[PDB]
Student: 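My questions all concern the structure below.
Side chains included, hydrogens not; waters and symmetry mates left out as well; all remaining heavy atoms used. Here is how names work: the chains are called A, B, and so on, in the same order as the sequence lines, proteins then strands, and each is numbered from 1. Whatever order the structure lists ligands and atoms in, that order sets their numbers, starting from 1.
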Amino acid sequence: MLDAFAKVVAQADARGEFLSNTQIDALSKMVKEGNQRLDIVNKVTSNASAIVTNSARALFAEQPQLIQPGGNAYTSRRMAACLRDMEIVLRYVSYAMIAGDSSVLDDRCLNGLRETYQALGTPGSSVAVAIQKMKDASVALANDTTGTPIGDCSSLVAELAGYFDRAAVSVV
Amino acid sequence: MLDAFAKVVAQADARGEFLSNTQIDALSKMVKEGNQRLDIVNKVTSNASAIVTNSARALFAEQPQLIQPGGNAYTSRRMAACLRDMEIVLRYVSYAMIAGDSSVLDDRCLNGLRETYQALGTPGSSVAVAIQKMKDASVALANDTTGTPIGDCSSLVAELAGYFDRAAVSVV
Amino acid sequence: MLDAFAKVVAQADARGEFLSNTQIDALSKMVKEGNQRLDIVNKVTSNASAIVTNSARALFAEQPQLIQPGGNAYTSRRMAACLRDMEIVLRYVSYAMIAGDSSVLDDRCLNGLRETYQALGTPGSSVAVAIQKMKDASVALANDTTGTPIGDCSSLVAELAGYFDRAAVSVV
Amino acid sequence: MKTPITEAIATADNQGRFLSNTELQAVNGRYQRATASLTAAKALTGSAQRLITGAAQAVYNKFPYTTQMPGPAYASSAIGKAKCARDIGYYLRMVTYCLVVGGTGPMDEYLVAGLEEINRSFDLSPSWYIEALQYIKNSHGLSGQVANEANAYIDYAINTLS
Amino acid sequence: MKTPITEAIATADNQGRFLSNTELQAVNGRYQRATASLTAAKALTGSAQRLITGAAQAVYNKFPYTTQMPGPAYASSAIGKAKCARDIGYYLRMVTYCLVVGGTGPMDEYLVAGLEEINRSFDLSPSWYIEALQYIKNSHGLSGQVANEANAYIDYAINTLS
Amino acid sequence: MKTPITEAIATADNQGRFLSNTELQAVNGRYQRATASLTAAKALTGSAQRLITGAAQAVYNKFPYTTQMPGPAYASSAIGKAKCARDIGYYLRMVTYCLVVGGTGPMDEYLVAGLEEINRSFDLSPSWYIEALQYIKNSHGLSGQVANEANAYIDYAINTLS
Amino acid sequence: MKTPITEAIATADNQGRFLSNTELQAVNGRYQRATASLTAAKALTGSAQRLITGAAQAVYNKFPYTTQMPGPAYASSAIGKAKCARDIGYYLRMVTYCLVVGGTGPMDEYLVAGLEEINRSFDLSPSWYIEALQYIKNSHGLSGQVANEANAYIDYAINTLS
Amino acid sequence: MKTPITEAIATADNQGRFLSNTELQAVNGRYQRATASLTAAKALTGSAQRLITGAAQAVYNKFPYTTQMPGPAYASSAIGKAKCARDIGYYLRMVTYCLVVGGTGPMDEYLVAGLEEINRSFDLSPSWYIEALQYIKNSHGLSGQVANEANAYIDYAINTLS
Amino acid sequence: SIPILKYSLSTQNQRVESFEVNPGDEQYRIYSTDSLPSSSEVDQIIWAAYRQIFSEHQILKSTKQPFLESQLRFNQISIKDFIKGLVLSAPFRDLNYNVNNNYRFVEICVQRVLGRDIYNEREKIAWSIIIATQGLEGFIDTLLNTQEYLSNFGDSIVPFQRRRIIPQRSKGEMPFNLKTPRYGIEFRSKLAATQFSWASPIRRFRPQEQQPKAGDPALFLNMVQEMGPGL
Ligand SMILES: *CC[C@H]1/C(=C/c2[nH]c(/C=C3N=C(/C=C4\NC(=O)C(CC)=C4C)C(C)=C\3CCC(=O)O)c(CCC(=O)O)c2C)NC(=O)[C@@H]1C
Ligand SMILES: *CC[C@H]1/C(=C/c2[nH]c(/C=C3N=C(/C=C4\NC(=O)C(CC)=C4C)C(C)=C\3CCC(=O)O)c(CCC(=O)O)c2C)NC(=O)[C@@H]1C
Ligand SMILES: *C[C@@H](*)[C@H]1/C(=C/c2[nH]c(/C=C3N=C(/C=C4\NC(=O)C(CC)=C4C)C(C)=C\3CCC(=O)O)c(CCC(=O)O)c2C)NC(=O)[C@@H]1C
Ligand SMILES: *C[C@@H](*)[C@H]1/C(=C/c2[nH]c(/C=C3N=C(/C=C4\NC(=O)C(CC)=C4C)C(C)=C\3CCC(=O)O)c(CCC(=O)O)c2C)NC(=O)[C@@H]1C
Ligand SMILES: *[C@H](C)[C@H]1/C(=C/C2=NC(=C\c3[nH]c(C[C@H]4NC(=O)C(C=C)=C4C)c(C)c3CCC(=O)O)/C(CCC(=O)O)=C2C)NC(=O)[C@@H]1C
Ligand SMILES: *[C@H](C)[C@H]1/C(=C/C2=NC(=C\c3[nH]c(C[C@H]4NC(=O)C(C=C)=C4C)c(C)c3CCC(=O)O)/C(CCC(=O)O)=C2C)NC(=O)[C@@H]1C
Ligand SMILES: *[C@H](C)[C@H]1/C(=C/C2=NC(=C\c3[nH]c(C[C@H]4NC(=O)C(C=C)=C4C)c(C)c3CCC(=O)O)/C(CCC(=O)O)=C2C)NC(=O)[C@@H]1C
Ligand SMILES: *[C@H](C)[C@H]1/C(=C/c2[nH]c(/C=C3N=C(/C=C4\NC(=O)C(CC)=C4C)C(C)=C\3CCC(=O)O)c(CCC(=O)O)c2C)NC(=O)[C@@H]1C
Ligand SMILES: *[C@H](C)[C@H]1/C(=C/c2[nH]c(/C=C3N=C(/C=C4\NC(=O)C(CC)=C4C)C(C)=C\3CCC(=O)O)c(CCC(=O)O)c2C)NC(=O)[C@@H]1C
Ligand SMILES: *[C@H](C)[C@H]1/C(=C/c2[nH]c(/C=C3N=C(/C=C4\NC(=O)C(CC)=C4C)C(C)=C\3CCC(=O)O)c(CCC(=O)O)c2C)NC(=O)[C@@H]1C
Ligand SMILES: *[C@H](C)[C@H]1/C(=C/c2[nH]c(/C=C3N=C(/C=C4\NC(=O)C(CC)=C4C)C(C)=C\3CCC(=O)O)c(CCC(=O)O)c2C)NC(=O)[C@@H]1C
């Protein structure tokens with residue numbers, strides 16, 4: 001897989017070029033916000049079980065036919081596979097937040113997941129609702145200042161919200 | 001896999017229902033046929049090599065191109081693999097007879113068989129003639145009264161010959 | 001795999017025939033020129049490293065866009081894989097020279113190779129140029145008269161040229 | 001499914017064999033037991049709502065904090081009491097499915113598989129459901145070999161929660 | 001050996017399971033049918049010498065070249081006739097071992113595993129042994145479900161030779 | 001097929017190697033045995049129907065029950081006699097196939113794979129085909145190394161039949 | 001590649017686990033080091049044209065036979081001299097790629113993997129490149145912990161050639 | 001090793017088979033080629049005092065830096081000269097073992113296995129050994145198939161060095 | 001030194017957990033020598049390994065390896081060496097390796113040794129060069145020494161098709177012997193003694209497949225065999 005820094009080298013090797021001065025200074029900008037990026041992923045993985053079990057509880061109150069008899073999350077194994085998949089999606093999103101790009105999320109989490117859900121009868125549009133519930137439960141927690149020095153890291157939160165949006169549109 | 005008592009449980013659960021007294025009374029009509037169903041698979045198992053070789057001998061007497069040089073059952077490794085196929089199909093029709101429905105036959109035997117024979121160049125319409133000759137060898141054996149008490153098992157003969165029909169339309 | 005002798009047998013078994021007297025006599029003509037067939041694969045094998053590395057050097061002189069950045073032969077791993085693809089193909093041509101027919105060349109080397117290069121992004125027309133550069137390099141060695149009694153091998157050399165030509169049209 | 005029928009087909013198909021008398025005797029033992037095992041399912045179904053609303057009240061007696069404490073995991077609201085009697089009826093319905101099938105098939109697929117992961121996430125204590133199954137084990141009213149069949153699946157459910 | 005009891009343990013040990021009602025019903029089907037198969041093994045044991053000498057004579061009427069052709073494979077000498085009635089007794093003894101155990105376990109271990117290399121090497125014909133076993137099926141004198149149990153293991157030995 | 005050409009490619013192929021001088025000597029040994037090996041394959045090709053009908057008659061003299069016993073396995077019909085002489089033509093054609101490639105390639109692939117399985121199914125004794133091959137071994141009339149090459153593959157079919 | 005970030009994700013993903021503080025302490029050590037690695041990668045890039053021609057002239061003094069001996073593998077022609085400085089620039093470029101990523105990730109896929117087959121086939125001696133890399137380590141002009149990061153990936157490329 | 005006698009045994013041993021006619025012709029191709037092999041082994045053995053010190057000087061004439069450049073890898077000392085002549089004697093002795101055995105068996109297990117790591121570590125170039133091997137192929141002074149067999153193992157050693 | 005080339009994973013059943021304590025009838029029968037089996041039960045390990053590597057149609061008498069079996073019965077080789085010895089056997093090279101190319105032979109040996117399907121098409125491309133440059137003996141060693149083999153099967157368990165059926169369902173993925181036969185649509189054409197590639201159903205003037213209708217007296221035939229007793 002690639003991270004953000006190794007993505008720039010892969011662009012520069014294919015043109016056979018040394019890196020420029022502006023490409024160096026763009027890379028030293030990602031180093032400067034490294035402590036604010038590490039502080040986000042720490043905020044998300046520390047509450048990772050509560051993101052999943054509360055975004056699921058809001059989903060089954062909004063779409064109550066998923067836990068009625070015949071519903072896709074009705075039995076104890078179908079209920080536990082639903083909480084498994086939300087935890088898998090949230091895990092690879094946390095991986096893509098320290099790397100800087102969605103290379104591990106596309107290859108190791110999303111590849112073939114839409115076709116897996118069609119073959120199962122799992123409603124793929126309902127999985128997208130539960131990922132967007134995990135999106136703003138994580139974004140609202142990443143914007144919480146209790147424990148961090150005060151400052152503006154809103155560009156990083158708009159990047160984390162794009163990994164959740166990437167997995168939400170790649171599941172339906 | 002499902003048996004005949006597990007097929008009614010899966011229909012009932014899919015709507016979150018108990019089983020009514022009318023449904024229980026139809027499952028104890030299936031139990032009372034229990035010893036006649038066990039006599040039918042005993043007559044098929046005990047004569048299983050005469051079902052296969054008498055009906056393979058009949059298959060090449062009336063389609064003698066299959067064992068001529070250039071045929072598909074020529075060159076005795078392909079002759080032995082041809083008799084293996086008939087014992088395999090007879091094995092799973094025997095499994096579907098004690099189970100009471102054809103779900104172990106459907107996905108462990110017949111699933112992908114028509115597309116297997118097209119990749120080998122095996123005439124799949126002649127495999128269906130091979131299954132149809134084991135069909136009435138097995139039916140004439142199950143209508144035969146030797147070793148059995150007096151009574152009735154004629155709705156079970158019509159059921160055993162229906163698994164041979166399902167196996168024969170799935171291969172053409 | 002088949003040689004020239006078992007090619008005739010497998011064709012005769014599909015008709016149910018013995019071999020005719022003109023088929024045994026055409027087989028014993030292969031035995032008569034068997035020493036000259038072995039002298040050809042003695043010249044090719046003994047210089048096999050120099051056939052690959054001289055024709056690969058001439059391929060990049062005349063196709064200098066393969067080893068420019070972005071080209072298919074630009075990295076250490078993509079360039080050494082270009083060298084071993086030539087050594088695989090040169091190896092399976094010599095397997096088709098002592099066998100007498102191109103049955104080991106087609107089954108083990110050329111089957112499904114055009115579609116593999118299309119999936120990798122390898123320019124398949126340039127692989128044909130490298131095979132043709134190895135063709136005349138080993139024909140020039142086959143026509144060398146050093147360490148041999150002087151005779152006519154011109155029908156054998158025109159057969160070796162047909163094995164490289166078959167490999168070059170089976171890859172684009 | 002853990003039916004005695006599908007367990008017999010599986011041991012024959014493991015070694016690529018026809019069904020001998022080893023497997024026909026396993027099927028025959030299901031039919032000899034299916035008489036007592038089907039009158040138990042008829043009597044538990046007919047007393048379903050009596051046993052469900054009784055067993056819910058026995059949990060609220062032994063665990064009275066489950067009706068007082070606020071939060072989504074407890075039966076302190078009108079929705080929490082509807083979802084609590086839903087779960088008693090789930091455990092009762094799976095027992096009756098095992099009695100009409102023979103063997104612990106439906107309980108393993110529909111109930112036990114994944115139960116430990118659910119009861120940890122939604123903070124549902126498994127001691128509540130043990131108390132609810134011990135009520136049904138004492139109040140179904142059956143006797144003889146019909147209660148002996150019924151209690152073998154109440155006890156199988158208690159061993160998974162315990 | 002493959003018995004109905006060791007095939008219920010092995011399917012429960014594969015699942016990491018205690019002995020459920022799926023497995024208790026299967027062992028109970030063995031105990032129900034064991035009354036009919038323990039009298040078949042008692043009635044085949046007590047009339048064994050009538051069955052061995054009869055079944056060896058039935059091969060000699062049907063294939064009379066086996067008494068006339070010279071060579072070590074045939075029953076033409078007195079040595080080769082006692083080796084025939086030895087072998088008929090081996091097949092009849094394994095059938096009684098399968099009736100007391102239930103299931104084709106003793107002859108799967110003692111007889112059929114490696115049998116084709118014996119018949120190929122010493123030039124013995126498996127149709128001599130089918131004719132001997134078809135005599136014992138027609139002449140054991142059993143009736144009811146006692147003959148049903150005995151004939152189900154005669155036909156297993158024929159199906160491995162056929 | 002198992003051929004001294006193709007068993008020489010398939011030792012350099014299993015290591016990813018070019019054909020060294022180890023494998024060119026194996027091809028050379030085939031080329032200087034092929035002269036005596038190819039004259040046997042056309043001396044048996046021309047003398048086929050003398051050797052076929054005589055060998056089937058040699059089975060009928062040694063085992064005269066095969067012309068008398070009724071049933072599908074025996075040559076007591078006009079159909080069964082046609083299938084007997086078809087079989088001797090299969091065995092003789094595979095011997096001429098092995099002589100023109102060197103070594104037991106075609107009869108390993110076309111005849112002996114699955115041969116034991118179909119003899120037992122269709123009740124065909126392999127002692128019949130041994131006697132038919134002892135006729136061909138004595139009556140091909142070849143001499144020198146032309147008889148050594150011929151008898152090398154007649155004895156191979158006898159060794160795997162018994 | 002072999003970034004420390006991807007080498008921390010790969011351990012958490014193998015266990016199927018979230019990112020703990022074991023991984024965030026690893027990535028923090030990358031960020032506390034990258035202020036010296038990115039000053040070394042910019043200082044080598046801005047002095048590259050002095051470093052390439054100086055290292056290419058140094059191997060002509062150490063091994064003068066390269067500029068005299070004929071053959072395509074030597075720098076005696078203008079074609080061979082342009083391909084020699086091309087190779088020095090390929091080694092310096094992967095060094096500055098490894099500094100901005102951290103760890104020997106880019107030069108593994110792009111320079112080291114398959115290097116031994118290139119030097120064997122085209123007959124390029126790896127001791128020519130070791131003499132060129134020892135020039136850059138001597139006179140890149142850096143000092144402090146900036147020069148420690150540059151010599152860490154110079155000596156990695158020397159260790160693969162040696 | 002990799003004699004054609006041991007590669008015919010190990011072929012038949014990996015198939016669980018007696019030595020068929022496919023293997024005996026591979027053995028007889030060794031015996032036909034043997035008298036052109038055992039005379040080249042006899043001729044190179046006595047002429048080794050000239051062919052080693054003649055080939056050592058052929059390297060110093062093409063690569064004269066190996067006598068002047070200081071260091072342990074070059075033959076600029078009496079220790080390095082005597083170890084350079086030792087290396088050519090390894091290559092010549094391995095050729096006479098491959099002629100006696102027949103095929104590239106002895107020099108595969110004794111010489112070429114793991115050689116690329118030795119040259120890369122001790123900094124010594126394989127192009128020095130190729131110029132020594134092309135000398136012996138130009139000056140062994142044989143003709144006929146005695147030279148064509150001897151040159152087939154010199155050319156195997158050159159193809160492993162490049 | 002030419003590492004293997006990188007391919008992407010795909011979503012499969014075996015990459016993710018089944019929360020299944022107490023498995024059912026679709027649990028797929030571990031055959032292990034860690035349970036100390038007797039002679040009758042080590043025959044069942046051997047037949048299960050033949051069925052997994054070969055087909056059911058290649059368990060002929062001429063295919064069985066009698067000396068590889070006796071080294072397993074004496075505790076000289078493990079089950080990982082039995083499985084390796086069946087792939088490098090002479091029947092497997094003759095009936096399977098010679099009638100496939102390098103890309104379809106990889107997906108046979110991934111499905112039958114690793115017990116899972118291929119991830120994508122590039123995984124076939126990545127492994128088919130291990131065959132062409134090192135042989136079958138080098139390809140099966142680098143496939144049995146992956147962490148996918150040593151974690152699932154170890155060295156004393158026969159492989160099986162991992163996670164074929166989902167615990168609620170009755171219709172699972174196709175079995176790997178019906179999905180991938182001995183040879184495919186190439187080598188079918190004329191390289192495997194074949195004509196015409198298809199066949200219409202057999203016609204006949206006695207129809208043999210007549211469906212019964214609603215007044216036919218065989219639908220009431222039930223108690224025709226015998227009347228019930230009583231009064
Ligand atoms: C709340 C979530 C929704 C939902 C989920 C659901 N999914 C499944 C089944 C599977 N999920 C996967 C997913 C993955 N496999 C992987 O390897 C990866 C990472 C690359 C992922 C994300 C797979 C393979 C399955 C099938 C196999 C299995 O179930 O173990 C189920 C299973 C039950 C069923 O019958 O579908 C559920 C319930 N379903 C919903 O209703 C929610 C909207
Ligand atoms: C008389 C029968 C006809 C016939 C059969 C024939 N079949 C084959 C090959 C295969 N058959 C199967 C079928 C199954 N495999 C399974 O696992 C199951 C369920 C348990 C079934 C039903 C498969 C997978 C194959 C190919 C794999 C293999 O053979 O290894 C062959 C041989 C093909 C070959 O040349 O290799 C024959 C001859 N052929 C006929 O002509 C008859 C009409
Ligand atoms: C019906 C008699 C026909 C007959 C018999 C015959 N058999 C043999 C030789 C052997 N039979 C066996 C068989 C078994 N041994 C076992 O341990 C078991 C399982 C318990 C079986 C089924 C074996 C091993 C032999 C050879 C060793 C021996 O017992 O002496 C022979 C002698 C053959 C010989 O060459 O000595 C005969 C004559 N043959 C007939 O003609 C009768 C029709
Ligand atoms: C210091 C110069 C010495 C020298 C150089 C020389 N090199 C070549 C040919 C090649 N060098 C490479 C090396 C790489 N290619 C890569 O992509 C990478 C990683 C990015 C490396 C390290 C390759 C592949 C070739 C062959 C193709 C090519 O580039 O032309 C040559 C020409 C040799 C030939 O036979 O063509 C020379 C002369 N040689 C010297 O003598 C100098 C001391
Ligand atoms: C933005 C979404 C947040 C926020 C982030 C900031 N964090 C700042 C400093 C800082 N953060 C951490 C946590 C993190 N870094 C680590 O190394 C580790 C684990 C080892 C973790 C969990 C640390 C240690 C530091 C100290 C470094 C420093 O003092 O700078 C920070 C300060 C400025 C900056 O780094 O650019 C910010 C803005 N703060 C917010 O207000 C929101 C909620
Ligand atoms: C139906 C196609 C036959 C036929 C069948 C009947 N069988 C009857 C009773 C019966 N069958 C068995 C054997 C069976 N049970 C087993 O447990 C096993 C395996 C070990 C087998 C093979 C037994 C033991 C019994 C006795 C049961 C009893 O005594 O009731 C039967 C009885 C009448 C009825 O049950 O109503 C019938 C009709 N008879 C036929 O005529 C056809 C040919
Ligand atoms: C054809 C492209 C050549 C050529 C070849 C001839 N070679 C003749 C005989 C011969 N060939 C070899 C080499 C080969 N045979 C082997 O047995 C082995 C090793 C196992 C090898 C590598 C040998 C050793 C011999 C000598 C045997 C003999 O003298 O027959 C040959 C016939 C001889 C003749 O015609 O006098 C021919 C024509 N001759 C050519 O002019 C081109 C260059
Ligand atoms: C060199 C002349 C040309 C060239 C080569 C090139 N090849 C590859 C990759 C592969 N080549 C194969 C080839 C075969 N596989 C087989 O199994 C057989 C016998 C049937 C052959 C001939 C395979 C499988 C691959 C992929 C495996 C791998 O990635 O190593 C590459 C790709 C290297 C890469 O990193 O992508 C290249 C560059 N390409 C050219 O430009 C020359 C024209
Ligand atoms: C009643 C005895 C006690 C109680 C019940 C309660 N349960 C829930 C929530 C769930 N219960 C289940 C259980 C099952 N689902 C199944 O499909 C099956 C097998 C067929 C079982 C056993 C599940 C999955 C949930 C969560 C989803 C749902 O709402 O059904 C709640 C709500 C908890 C929440 O956070 O939503 C309550 C209140 N709790 C008590 O206090 C009673 C003592
Ligand atoms: C003649 C020596 C004796 C004899 C022959 C006989 N054979 C059969 C039937 C079959 N024989 C074969 C054998 C092969 N088929 C092959 O393709 C090959 C490899 C080329 C061999 C060795 C097979 C498959 C059959 C059955 C199908 C067929 O009809 O060919 C019979 C008929 C048996 C039947 O049940 O129909 C007979 C009579 N039997 C004798 O009595 C002669 C002594
Ligand atoms: C001589 C023509 C050129 C040369 C030779 C040289 N070689 C070495 C050192 C070694 N050579 C070997 C090679 C082999 N050892 C084996 O056992 C075999 C197979 C039988 C081979 C091919 C090894 C292992 C060494 C190192 C140990 C040793 O001293 O023998 C040196 C010394 C290098 C050192 O650092 O010790 C020299 C000088 N070098 C030249 O300059 C000549 C052109």
Student: Is any side-chain heavy atom of B:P69 closer than 4.5 Å to one of C:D13?
Tutor: no
Student: What closest approach, in Å, do F:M69 and F:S76 show between heavy atoms, and which atom pair accounts for it?
Tutor: O-OG, 2.7 Å
Student: State whether the shortest distance between N or O atoms of I:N177 and N or O atoms of ligand 2 falls below 3.5 angstrom.
Tutor: no
Student: Heavy atom under 4.0 Å from ligand 5: found in G:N28's side chain, backbone, both, or neither?
Tutor: side chain
Student: Should B:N72 be counted as touching ligand 2, given the test is an N or O pair under 3.5 Å?
Tutor: yes
Student: To the nearest 0.1 Å, how far is atom 35 (O) of ligand 5 from its closest protein heavy atom, and which atom is that?
Tutor: A:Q36 CG, 3.5 Å
Student: Decide whether the shortest distance between a heavy atom of B:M79 and an atom of ligand 2 is less than 4.0 Å.
Tutor: no
Student: Ring centroids only, cut at 6.0 angstrom: are B:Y92 and B:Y95 within range, meaning strictly under it?
Tutor: yes
Student: How close does the nearest protein non-hydrogen atom get to atom 38 (C) of ligand 2, and which residue and atom is it?
Tutor: B:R78 O, 3.2 Å
Student: Side chain or backbone of B:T53 under 4.0 Å from ligand 10, or both, or neither, by non-hydrogen atoms?
Tutor: neither
Student: List every atom of ligand 5 that sits less than 4.0 Å from any heavy atom of A:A142, numbering the atoms from 1 in the order shown and giving each element.
Tutor: 2 (C), 43 (C)
Student: Students should be able to answer this: which protein heavy-atom is nearest to atom 19 (C) of ligand 5, and at what distance?
Tutor: G:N21 OD1, 4.0 Å
Student: Considering only protein heavy atoms, which is closest to atom 13 (C) of ligand 5, and at what distance to one decimal place?
Tutor: A:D39 OD1, 1.4 Å
Student: For the 3.5 Å polar cut-off, considering only N or O atoms, please tell me whether B:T116 and ligand 2 meet it.
Tutor: no
Student: With a 4.0 Å cut-off on heavy atoms, does F:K81 reach ligand 10?
Tutor: no
Student: For atom 8 (C) of ligand 10, find the nearest protein heavy atom and state the residue, atom name and distance (0.1 Å precision).
Tutor: F:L124 CD2, 3.9 Å
Student: Return the option from F:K83, B:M79, F:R86, B:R77 holding the heavy atom at the smallest distance from atom 31 (C) of ligand 10.
Tutor: F:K83
Student: Do any non-hydrogen protein atoms sit less than 4.0 Å from atom 4 (C) of ligand 5?
Tutor: yes
Student: Provide the number and element of each atom of ligand 10 under 4.0 Å from a heavy atom of F:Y110.
Tutor: 19 (C), 20 (C)
Student: Which ligand 10 atoms does F:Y129 reach within 4.0 Å, using its non-hydrogen atoms?
Tutor: 2 (C), 5 (C), 7 (N)
Student: A:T145 heavy atoms, cut-off 4.0 Å: which ligand 5 atoms fall inside?
Tutor: 41 (O), 43 (C)
Student: Please say whether F:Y90 places an N or O atom under 3.5 Å from an N or O atom belonging to ligand 10.
Tutor: no
Student: Return yes when A:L156 approaches ligand 5 closer than 4.0 angstrom through a heavy atom, no otherwise.
Tutor: no
Student: For atom 2 (C) of ligand 5, grab the closest protein heavy atom and report residue, atom and distance to one decimal in Å.
Tutor: A:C153 SG, 1.8 Å
Student: How far is atom 28 (C) of ligand 5 from its nearest protein heavy atom, and which residue and atom is that?
Tutor: A:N35 OD1, 4.7 Å
Student: Could you identify the single nearest non-hydrogen protein atom to atom 39 (N) of ligand 5 and state the distance to 0.1 Å?
Tutor: A:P149 O, 2.7 Å
Student: By number and element, which atoms of ligand 10 are closer than 4.0 Å to a non-hydrogen atom of F:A73?
Tutor: 37 (C), 38 (C), 39 (N), 40 (C), 41 (O)
Student: Is it the side chain (CB and beyond), the backbone, both or neither of A:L38 that lies under 4.0 Å from ligand 5, heavy atoms counted?
Tutor: both
Student: Are any of the side-chain heavy atoms of B:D106 and B:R166 separated by less than 4.5 Å?
Tutor: yes
Student: Please list, in number order, the atoms of ligand 10 under 4.0 Å from a heavy atom of F:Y74.
Tutor: 38 (C), 41 (O)
Student: Taking only non-hydrogen atoms of A:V41, do any sit less than 4.0 angstrom from ligand 5?
Tutor: no
Student: Check each atom of ligand 10 against the heavy atoms of F:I88 and keep those under 4.0 Å away; list them by number with element.
Tutor: 2 (C)
Student: Does B:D85 reach ligand 2 with a nitrogen or oxygen that is under 3.5 Å from one of the ligand's nitrogen or oxygen atoms?
Tutor: yes
Student: For B:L120, take its heavy atoms, then give the atoms of ligand 2 lying under 4.0 Å from any of them.
Tutor: 9 (C), 10 (C), 25 (C), 26 (C)
Student: Can you check salt bridge (charged side-chain N to carboxylate O under 4.0 Å, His left out) on B:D107 and I:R164, steps first, answer last?
Tutor: CA-CA 11 Å; B:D107 74 328; I:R164 191 189 74 96; 3.4 Å; yes
Student: Is at least one protein non-hydrogen atom found at under 4.0 angstrom from atom 17 (O) of ligand 5?
Tutor: yes
